Amino acid sequence: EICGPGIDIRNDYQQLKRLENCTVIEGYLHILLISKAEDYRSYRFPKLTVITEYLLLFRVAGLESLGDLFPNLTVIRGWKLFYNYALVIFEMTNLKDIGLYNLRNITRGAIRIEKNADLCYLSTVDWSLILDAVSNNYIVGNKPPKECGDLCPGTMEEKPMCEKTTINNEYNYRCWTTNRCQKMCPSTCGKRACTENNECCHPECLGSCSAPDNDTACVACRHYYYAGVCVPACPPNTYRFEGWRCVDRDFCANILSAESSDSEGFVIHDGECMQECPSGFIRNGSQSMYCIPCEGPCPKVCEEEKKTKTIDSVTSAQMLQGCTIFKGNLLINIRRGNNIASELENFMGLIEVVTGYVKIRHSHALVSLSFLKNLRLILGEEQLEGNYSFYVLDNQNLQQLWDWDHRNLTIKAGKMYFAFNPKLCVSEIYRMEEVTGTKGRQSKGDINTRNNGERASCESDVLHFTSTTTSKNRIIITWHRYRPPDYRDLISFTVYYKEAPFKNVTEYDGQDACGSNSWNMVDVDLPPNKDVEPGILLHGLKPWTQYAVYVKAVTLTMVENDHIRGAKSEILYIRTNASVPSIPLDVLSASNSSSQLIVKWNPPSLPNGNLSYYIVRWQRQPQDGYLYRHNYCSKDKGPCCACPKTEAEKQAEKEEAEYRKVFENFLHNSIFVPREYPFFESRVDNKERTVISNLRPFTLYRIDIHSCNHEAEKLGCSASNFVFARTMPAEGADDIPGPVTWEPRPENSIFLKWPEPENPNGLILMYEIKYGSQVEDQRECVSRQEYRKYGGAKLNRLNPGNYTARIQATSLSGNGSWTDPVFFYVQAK
Amino acid sequence: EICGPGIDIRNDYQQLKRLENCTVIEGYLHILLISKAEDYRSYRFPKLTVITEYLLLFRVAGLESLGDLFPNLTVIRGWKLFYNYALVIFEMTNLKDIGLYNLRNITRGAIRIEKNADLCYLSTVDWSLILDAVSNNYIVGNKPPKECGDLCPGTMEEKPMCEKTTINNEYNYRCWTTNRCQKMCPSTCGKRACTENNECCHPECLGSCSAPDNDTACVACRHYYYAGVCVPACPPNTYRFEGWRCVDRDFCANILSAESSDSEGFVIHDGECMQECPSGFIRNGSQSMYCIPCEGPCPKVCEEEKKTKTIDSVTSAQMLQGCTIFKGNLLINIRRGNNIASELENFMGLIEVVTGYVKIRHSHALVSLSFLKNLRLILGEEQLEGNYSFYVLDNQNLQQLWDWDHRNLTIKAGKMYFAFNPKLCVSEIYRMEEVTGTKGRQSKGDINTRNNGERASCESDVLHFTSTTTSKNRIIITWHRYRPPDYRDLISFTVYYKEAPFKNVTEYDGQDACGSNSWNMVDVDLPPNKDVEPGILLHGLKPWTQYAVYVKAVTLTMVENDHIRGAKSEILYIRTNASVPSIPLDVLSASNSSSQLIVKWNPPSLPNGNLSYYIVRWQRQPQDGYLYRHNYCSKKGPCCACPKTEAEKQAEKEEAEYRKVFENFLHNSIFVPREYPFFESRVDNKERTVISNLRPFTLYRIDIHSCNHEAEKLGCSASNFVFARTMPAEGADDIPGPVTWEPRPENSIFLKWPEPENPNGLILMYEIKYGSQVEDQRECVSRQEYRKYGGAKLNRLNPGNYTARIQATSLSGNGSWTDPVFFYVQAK
């Protein structure tokens, strides 16, 4: 009586005649597009009790109340959701009552009940009792609440019979239709269910039951239904099916297929009989009782219902995402594209093996198939005419296949036929022959010395570098004077340069719209003097790298054609000290401890270089006499919520700013007629960090960070980029080192004298004398100069009596320690 | 004492020595970047009275009062503005009071006094009396208001001396500095001026004068100053110089230059001595007394300070926008660009002549130089080495220069050289020799059959179209079965197709990233059977365009290469009825008058056709009996609160596609294997027509077709349909005859009347209005009720006389009320 898989019904009522025996539809259910409205309440299915997956009702004409059609539908499990909902009521023509009065809970998903024509009573449904995470319930599009006439038994006239429940301060009746209420199981059950007239159900139960505390009496189980009993976990030797039941291996090979089905046969793993084994695991043959781990990324079969999965764009490769092996092939006909590779390395860069051919056709912007990294082997079962199991035709600007210095590839059951790729030189393919076990499998015309790399150029020689001068933003190099078979042939020398620090960059990574655009060319002609060799002076080269160099010539091929030799030199990697270095960046340092200072910086951005060694010059800086000569005792998707506009006139602003700047330039042109401490050095070795110690506790230090690199010797050092930092004051050095002395003076005056700190931190700015008779309220200031002149200070016109005093020093770092109590007295006479 | 042009000073006080004799600085003034702050109020310039243009002060250290430096500055004309503004005080280091106490008016532009550390006394400067359009002023960023200490004589302690003026409900004192107030001419003086002690000046005056109503006493008058006298208009034989004065033609020609100067010599136009004559007019030689109209676009010289304006991007084409003749030479080196042409037709499509070379170096994406349209002639004075005054090297994807069918191009003083165009067919250049008269000016190697079009390739033959089958949204075609010197050569036959109705299209408009990307290639090869000639069946055609197709031969070049012939067939234009037709769009109509109805529609987007003539079938429609059998008597946008822009739109796309495929498989497996005639009036060429001789108020059906050029052979297209109602017959709804009344028992009255002869649409009901004194009672009679009885009955009426009226309810609207019906009912 377990109907499955999910049932579909549309365009007629008679299709409901397939629901007499359905109690738990093991799947989803669709009752949709019933536009006839021919029949009425003659189809009744009390047997239906649960839908494992979501339910979809749509355009069901002639239907007024679902509860009549599908009663006893105790619970919807909703293991699979439509979008995220376990029930769909879309554009319901004439439903008045939601019904489902026996429906009690929804395990997974929300509901969409919108834009119906005559539905209400949704307000009377307290989904909180039925549904968890109800905030996703989407019922906005229905009738305004005013008109539908929310009433039902109890809340109309007759004695109330619906229970009273509260949501968000709404303690009122809950119900489903005009004929019945919405009861909920008492808190006496807690999470447990119950039956009519408040008889509470078994713990392992849900929806409803027939007898109190009986496993076999439950209408719907809570988690898993087996052997006519609801159980909390899957009994041993039995293995969970999808959703709501346990079951033993035998069928799990036997559930072969029925219309919509895959296996044939379901495998058991992790204690459950799933459709296919999870990731990182492999089904060993037709076994279904367990599943063994594979090892690597094997568990992904990329198969598609088609045979030749043809690709023509990035959007064409989305389906193949994160997949390794296909029972098929490739076919590209891209006729335009920018940054396409960076996408295809991601979508299908994981493809690893193919059972057939790999075909490339009429692709312009394809430059070098290095953008498909993981292909290792090709079987060739799915072959072309003539058993060509690896094809590339009319690939205009193709440059070269996957890197072949370290990577390997194999073709098992076929050959390859490259044609009409004038930029696919024969050197890249003469290596393919020896590697994929196909050297003699085919003839040479299949690897024709024609169109293959045709404009990939006769047979190029090498231009010999005569010398390599260099500079600090300006490479140089010179090379052999080119002498063709006929001197009139050659016309110039296109001189390449890009920044390839890492030797893994070949002459064909980025050339010009053929190989992409990375090697930013520039050219210069041979001098008219045949006695002066072709030598050039690049410039404008950003710092940091082997802005490499190599020489080809833009030459003339005709009449003799193949006899026209052309030339291409080797890929030299002139370096820095060719682009000789420069100055620092990002200078910083701090004082963690006294007589210590951590200095750190970063690899500077324009040192025209690569790391050799770093130097910082730190010099003690003066404590300015300006501070000494001052008496401080008396001295005293963003904001566009209110975006005004998006100025496409930024270009007009550009021109206006250019006009202003040029006006200021000519303005400048014509306004004026023709017009104590040593340096300490500690080179770092290779890092931009170092530490400085043996420093006075509270001295201000200047920190000259340099790019004194490998060529600091020849070309002198770089500039000295600088920063200054202070040290951490010596704790306890600010306290007064000696006792205070007091002497009497006339006019009831007292003179106070004391010593000065031996090692003040920075400088002593002032002294704060605190004194008084009973409480030291009086506070007066003494400057360092005032202290020097008198060795202290004077207090005049003090009242008779005894006194206690204290003194504090104000260091440049902060306040000092208070002096010990000073006891003195003044007599009236 | 008329210093000019504009004066500028910086970086030192000693440059202020250049203002002792300057009374009216005939230009702008810069006193900026004085960071020294060396001196103080020792430089005094009472003479300075007016600045013709804006005044800029910036970074003038050590200055606390501008009024001391530049007193008597009565008015600033501000003819030329800084940005839109006649005064800019930017980051004034220490200025305290603006001074300018003698300044009275600003003619053009506004002021910019912002972010000054120590500036004050702007709140008391009521710019309205000085300035027009005070709204744009911006003084938020300066010294904020709270401590500004805006006080001045009178408003502090002592007896008030500043006058009271009101702006936006603030009638209080105005002033300049702590020592002086803000005085202005009274309402007695009006727009017109005055001096101290309120002695009102002359009419043609401004700022200030010396004596009341005297031409020669004005300190700085209103509009124009000449011969020591102000005048309202520039006197005859004298010509207005820029801004504030007139000058005889002799001076207008004598002003050669002084450092910053253009003419050398100024020309006279419209009564004013201008730097250059305005647009559309030309200075005949060196004449300055007058300027004569030229004719066309001559008056715009494109000359640049540089000699070889090198072109490297669209941003490199802006400066020469809207320019016709360059006296130099131009170099394209764009290494990448999309839609660049469309831009350079506007930026540089107007250049016509050049006195020098045109050179193209290292341009990958340049495809056909047709986009530089206006270039007609090249003089060539500015030449390269070897007299190459028209040069092209390393244009990778060049296809074709300016269309040489109707376009002429000329070079006067040099030859031309083109190399490293692998895609420049020699047929594009062989005609150049005969157009610019340069056939012999250069050797054959100069326009060599070498590099020029090297992959413009060998030489193309032409195929024969054996037959041309065609279809209705889809093509077919065949051509001759070519036999090369060696059969193994050919590997496929290229099959282009685009939509080129206007026969002005060559194969090289947009081919593929070489010529741009327009001819959307797709290819099919020869069939295995040599007895079956190459045939093909394309698809994907958009309707209504005199379509385009052609073929070439894609060949293999080696061993002999040049002998590998290839081929190119003619650019055929398979057409409509080859792209056989389709069905209509955009049908509408309305009723302007009875028995008339205007019908209009649109030439469909899918006619697949040539306009030949349109057909409309209109049919009278029945009036539904449903209505008859019913008794009606009783019946920068939303982003002010923008939530987000879903970059997850791709994920939404996948979810939607998943749902659609789900529904597709769901559809697959749900079900196991399962009163009037037509009238026609063909339009001729337009999509409009009229239909007449129609019943006044009958609803019509309007079938509009694409029954077009070849509706003959393949029958008509679909018949796209709409309805439309006519205007009701005015006056046909009125009752045609009188009403009759009869007595009935129970004080009842029976009313009978005739029916409209030609009701408009249908008579739904009758509204009888009756009463004794006032016809208050209103009752309804249905059409069926009237038919059964010929009227209606009224029962239980009170005794007395009565008057009644009746109205009919037509489908178009209410009818006309009946004439008064007089009747009476007796109690017994």
# chains A, B, ... in the order shown; residues from 1 in each chain; ligands from 1
>>> interface_residues(of="chain B", to="chain A", cutoff="8 Å", atoms="only C-alpha atoms", output="list in words")
residues 8, 9, 10, 364, 450, 451, 454, 512, 556, 557, 558, 636, 639, 640, 641, 642, 644, 645, 666 and 670 of chain B
>>> write_last_selection(atoms="C-alpha atoms", output="short mmCIF file (atom, residue, chain, number, x, y, z; two decimals), in the first residue's frame")
data_model
loop_
_atom_site.label_atom_id
_atom_site.label_comp_id
_atom_site.auth_asym_id
_atom_site.auth_seq_id
_atom_site.Cartn_x
_atom_site.Cartn_y
_atom_site.Cartn_z
CA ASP B 8 50.14 86.64 -12.09
CA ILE B 9 52.42 86.65 -9.02
CA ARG B 10 53.82 83.95 -6.74
CA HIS B 364 45.93 44.44 -34.13
CA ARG B 450 54.77 41.22 -51.62
CA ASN B 451 53.63 41.70 -48.01
CA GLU B 454 50.06 38.12 -48.02
CA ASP B 512 35.80 37.79 -37.57
CA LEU B 556 45.84 24.33 -48.23
CA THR B 557 49.00 26.31 -49.01
CA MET B 558 52.40 24.60 -49.28
CA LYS B 636 19.14 57.02 -10.09
CA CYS B 639 18.06 52.48 -5.46
CA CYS B 640 17.13 55.18 -2.95
CA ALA B 641 15.97 52.01 -1.15
CA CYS B 642 17.54 49.44 -3.47
CA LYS B 644 20.46 44.52 -3.81
CA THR B 645 21.40 43.61 -7.39
CA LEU B 666 6.78 15.68 -15.81
CA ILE B 670 2.34 12.15 -16.93
#
>>> select_by_dssp(residues="region 182-264 of chain A", states="strand (DSSP E or B)", output="PDB file with C-alpha atoms, in the first residue's frame")
ATOM      1  CA  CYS A 194      -2.215  12.004  20.985  1.00  0.00           C
ATOM      2  CA  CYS A 200      -1.864  10.500  24.445  1.00  0.00           C
ATOM      3  CA  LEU A 206       3.653  11.256  15.277  1.00  0.00           C
ATOM      4  CA  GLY A 207       0.532  12.723  13.720  1.00  0.00           C
ATOM      5  CA  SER A 208      -1.981  10.457  15.440  1.00  0.00           C
ATOM      6  CA  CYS A 209      -2.500   6.947  16.779  1.00  0.00           C
ATOM      7  CA  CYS A 218       0.158   4.762  15.336  1.00  0.00           C
ATOM      8  CA  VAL A 219      -1.273   6.454  12.251  1.00  0.00           C
ATOM      9  CA  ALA A 220       2.123   7.974  11.397  1.00  0.00           C
ATOM     10  CA  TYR A 224      11.256   5.491  10.928  1.00  0.00           C
ATOM     11  CA  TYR A 225       8.528   2.947  10.150  1.00  0.00           C
ATOM     12  CA  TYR A 226       9.479  -0.740   9.959  1.00  0.00           C
ATOM     13  CA  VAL A 229       6.285  -0.717  14.080  1.00  0.00           C
ATOM     14  CA  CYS A 230       7.673   2.775  14.653  1.00  0.00           C
ATOM     15  CA  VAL A 231      11.258   2.596  15.915  1.00  0.00           C
ATOM     16  CA  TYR A 239      19.213  -0.512   6.605  1.00  0.00           C
ATOM     17  CA  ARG A 240      17.365   2.804   6.323  1.00  0.00           C
ATOM     18  CA  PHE A 241      15.575   3.636   3.103  1.00  0.00           C
ATOM     19  CA  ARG A 245      11.765   3.235   6.765  1.00  0.00           C
ATOM     20  CA  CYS A 246      14.340   0.538   7.296  1.00  0.00           C
ATOM     21  CA  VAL A 247      14.701  -2.410   4.989  1.00  0.00           C
TER      22      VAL A 247
END
>>> atom_distance(atom1="CA of residue 647 (chain A)", atom2="CA of residue 80 (chain B)")
25.7 Å
>>> residues_around(residues="residue 754 (chain B)", least_positions_apart="2", cutoff="10 Å", atoms="only C-alpha atoms", output="mmCIF file with N, CA, C and O atoms, in the first residue's frame")
data_model
loop_
_atom_site.group_PDB
_atom_site.id
_atom_site.type_symbol
_atom_site.label_atom_id
_atom_site.label_comp_id
_atom_site.auth_asym_id
_atom_site.auth_seq_id
_atom_site.Cartn_x
_atom_site.Cartn_y
_atom_site.Cartn_z
ATOM 1 N N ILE B 735 -37.171 57.654 -30.157
ATOM 2 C CA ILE B 735 -38.428 56.949 -30.435
ATOM 3 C C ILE B 735 -39.010 57.468 -31.745
ATOM 4 O O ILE B 735 -39.020 58.692 -31.968
ATOM 5 N N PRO B 736 -39.503 56.599 -32.639
ATOM 6 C CA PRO B 736 -39.950 57.078 -33.952
ATOM 7 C C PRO B 736 -41.401 57.536 -33.987
ATOM 8 O O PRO B 736 -41.797 58.259 -34.907
ATOM 9 N N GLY B 737 -42.202 57.128 -33.005
ATOM 10 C CA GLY B 737 -43.617 57.419 -33.017
ATOM 11 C C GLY B 737 -44.157 57.848 -31.668
ATOM 12 O O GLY B 737 -43.468 57.790 -30.644
ATOM 13 N N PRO B 738 -45.412 58.290 -31.646
ATOM 14 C CA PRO B 738 -46.017 58.754 -30.394
ATOM 15 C C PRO B 738 -46.387 57.595 -29.481
ATOM 16 O O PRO B 738 -46.432 56.428 -29.881
ATOM 17 N N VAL B 739 -46.655 57.940 -28.224
ATOM 18 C CA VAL B 739 -47.056 56.979 -27.205
ATOM 19 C C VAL B 739 -48.568 57.043 -27.041
ATOM 20 O O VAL B 739 -49.192 58.096 -27.215
ATOM 21 N N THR B 740 -49.164 55.901 -26.701
ATOM 22 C CA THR B 740 -50.603 55.787 -26.506
ATOM 23 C C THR B 740 -50.885 55.232 -25.119
ATOM 24 O O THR B 740 -50.167 54.354 -24.634
ATOM 25 N N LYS B 752 -48.715 52.077 -24.524
ATOM 26 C CA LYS B 752 -48.210 51.408 -25.712
ATOM 27 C C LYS B 752 -47.514 52.428 -26.605
ATOM 28 O O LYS B 752 -47.914 53.592 -26.683
ATOM 29 N N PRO B 756 -37.955 51.478 -31.935
ATOM 30 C CA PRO B 756 -37.040 52.112 -32.892
ATOM 31 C C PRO B 756 -36.872 51.262 -34.144
ATOM 32 O O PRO B 756 -36.756 50.037 -34.076
ATOM 33 N N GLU B 757 -36.864 51.932 -35.297
ATOM 34 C CA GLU B 757 -36.777 51.218 -36.568
ATOM 35 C C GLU B 757 -35.403 50.583 -36.750
ATOM 36 O O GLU B 757 -35.293 49.442 -37.216
ATOM 37 N N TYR B 786 -41.823 44.504 -23.577
ATOM 38 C CA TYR B 786 -42.447 45.360 -24.579
ATOM 39 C C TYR B 786 -42.993 44.538 -25.739
ATOM 40 O O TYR B 786 -44.092 44.806 -26.238
ATOM 41 N N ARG B 787 -42.239 43.531 -26.184
ATOM 42 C CA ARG B 787 -42.680 42.717 -27.312
ATOM 43 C C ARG B 787 -43.984 41.995 -26.993
ATOM 44 O O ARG B 787 -44.895 41.937 -27.827
ATOM 45 N N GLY B 790 -46.445 45.136 -26.129
ATOM 46 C CA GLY B 790 -46.335 46.368 -26.885
ATOM 47 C C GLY B 790 -46.111 47.562 -25.982
ATOM 48 O O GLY B 790 -46.220 48.712 -26.419
ATOM 49 N N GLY B 791 -45.793 47.301 -24.716
ATOM 50 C CA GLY B 791 -45.604 48.360 -23.745
ATOM 51 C C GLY B 791 -45.487 47.838 -22.328
ATOM 52 O O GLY B 791 -44.720 46.906 -22.067
#
>>> atom_distance(atom1="CA of residue 781 (chain B)", atom2="CA of residue 696 (chain B)")
24.7 Å
>>> select_by_dssp(residues="region 87-250 of chain B", states="alpha helix (DSSP H)", output="number ranges by chain")
B: 127-130, 249-250
>>> write_last_selection(atoms="C-alpha atoms", output="compact mmCIF listing (two decimals), in the first residue's frame")
# COMPACT_ATOMS: atom_id res chain seq x y z
CA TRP B 127 26.90 89.66 -2.04
CA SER B 128 23.45 90.29 -3.55
CA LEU B 129 24.16 94.03 -3.68
CA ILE B 130 27.51 93.01 -5.21
CA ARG B 249 40.88 99.24 -36.46
CA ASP B 250 44.46 100.52 -36.44
